[PDB]
Each structure stands twice: as structure tokens, then as C-alpha cells.
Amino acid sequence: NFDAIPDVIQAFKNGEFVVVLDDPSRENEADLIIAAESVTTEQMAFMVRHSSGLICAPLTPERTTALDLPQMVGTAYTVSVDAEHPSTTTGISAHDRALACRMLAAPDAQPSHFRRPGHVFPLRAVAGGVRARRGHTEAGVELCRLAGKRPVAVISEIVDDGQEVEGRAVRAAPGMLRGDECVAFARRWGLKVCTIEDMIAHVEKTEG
């Protein structure tokens, strides 16, 4: 079964990842979604290991303007970034990517805190939220609002790495984690899991 939204919010509030399913009519994919403000090096490593590794950062339009993150050019990718910080090295390590996420969420964030282009991909949520666009991007920002966090999330799609093949640089039968698998994945890692659909139902209780 899927977890009830309130419980997903409490977990998100606690700085945990949550597994979020969009509509089968849509991608039919699940993403790991976490608040960016305090994402750790170790959690980032886990995210990278268990996802596509294309680590994105959903944020509001207000943050894209404050931080001077224009659209790269439908997923609203902004220009990519790295943390302008003395501890950053190449920008790709779990350390560096988590740092960038945290910095994007900082109340004191400024445009100069980010090197462009880089290795983290901010995504512009639509003003109307999940009831307006049923995407993981909106879901991330929606969870932030709901949990009282800074308006920046971190998301990544949970791929299915397929099976190991001893001594060969290939994986058999890879794909994307779907439905049932998603819930099982969540249970295995002690995470809450829910659907965007339920998230919307939750938000309509207050917004209609």
C-alpha cells in the first residue's frame, strides 16, 4: 500500500528521502525526493547509487529569479551549477553535489554562490504547483512547502540497473522501477512512498 500524505510529509520534514510515483499515464516512474537544505554527503551517495545519477533540484520561480538561474533553453531545466566553495573539487562527487544542493537552498543564497555551468540541474516548478503540473518537479517543491522547508528539493528517477554479469561491462535487462517494485524498494530502504495523485488529493483539501 501507499503511505498517507501526512506521514510522507512528516518523513520529508525529518530530512528523509521519500519515493514518489507519478501517473502511469505519465512517466509511470518513481523518483527519490528529498529536501535540499540538509542533504548529506552519505545520502547523496545513496541517491546516486540508486537512481539515474542525473541529480536535479526543483525550486520555485522566485528562487530562479533570486539566484539568476535562467532556463537552459516540458521539464524546466535552468542553467546547471556547481558550488562556489573552497571544498568543491570537480563538482561531481557526492560531497560536491550535496553541497551545491544545500547552497541552492540556503536562506543566504546569492547568484555568485554558483559556478555555471556545472553538475547539478535545478528545475523550475510551475507557479501553480502539483495541481497545475503533475510532475516530480512540482511534487518536490510541494513537499518542501508542506513540510515547512526551504523551497528547494532534490530529485532523481529510480532506474532498474538490471542484473550484474560477472566480469563483463554490461547489465542484463535494465529498465525503470515501476509500480509494485517502487513500493518494495521503499520498504527495503525504510522510506515512505506515495503517489502524486494522492499528493494532489491532499492539497485540494485546503485549496479545492
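In this text, residue numbers run from 1 along the sequence as written.
- Where coordinates are absent for parts of the deposited sequence, a chain break appears; between neighbours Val73 and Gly74 it spans 4 to 9 residues.
- Mean C-alpha B-factor is higher over 21-29 than over the other stretch, the pair under comparison being 21-29 and 195-203.
- As listed in the deposited structure, the average C-alpha B-factor of 59-67 and of 147-155 is greater for 59-67.
- Sorting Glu181, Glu42, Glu142, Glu37 by the CA temperature factor given in the entry leaves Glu181 at the top.
- Take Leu177, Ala172, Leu54, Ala169 and read off each C-alpha B-factor from the entry; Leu177 has the highest.
- Annotation for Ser80: C-alpha temperature factor in the lowest third relative to the rest of the modelled chain, per the entry.
- In this PDB entry, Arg102 carries a Cα temperature factor that places it within the middle third of its chain's modelled residues.
- In the deposited entry, the Cα temperature factor of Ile92 places it in the middle third of its chain's modelled residues.
- Among all modelled residues in its chain, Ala125 ranks in the middle third by Cα B-factor.
- Among the modelled residues of its chain, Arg116 has a C-alpha B-factor that falls in the lowest third according to the deposited record.
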